[PDB]
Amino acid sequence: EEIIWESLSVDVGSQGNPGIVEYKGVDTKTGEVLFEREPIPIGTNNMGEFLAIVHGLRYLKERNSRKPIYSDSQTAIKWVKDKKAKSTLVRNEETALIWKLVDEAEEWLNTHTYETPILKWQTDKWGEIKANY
């Protein structure tokens, strides 16, 4: 109910859905961009939302940080929880790159450990998420 400022905020950005997807992670307190993914040709909002959290996880683990992660995506939070992204995006030559990243994400989620709390950003109370595009 109270914003935990000592945290990382992620968000996806896109042009079309499915369409070009990118995502980044910033410091919730300052908004400093800590990581940003190079635009992927084709992917869904949710896939991008998902990859943003997994990426955030790896990023905190590499810096031995116990800060939680904020995502406004109800779908991605669950996918991360079950360590399983359940996307409908067709698998083919076009969407080959996003699916690569996605499979890798899940692989990492199963070959690694973390205690990082994954929090739901309450847009309906606090406004847009800090990493919002």
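Numbering starts at 1 and follows the sequence shown.
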query = With respect to the recorded C-alpha B factors, which stretch has the higher mean value, 82-90 or 39-47?
reply = 82-90
request  = Report the stretch with the higher mean CA temperature factor, choosing between 121-129 and 16-24 on the basis of the entry.
outcome  = 121-129
query = Looking at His55, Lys67, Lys29, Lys61, which has the highest CA B-factor as recorded?
reply = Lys29
request  = Pull the Cα B-factor of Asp72 out of the PDB entry and bin it into the chain's lowest, middle or highest third.
outcome  = lowest
note = Of the three thirds of Cα B-factor ranks in this chain, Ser9 occupies the lowest
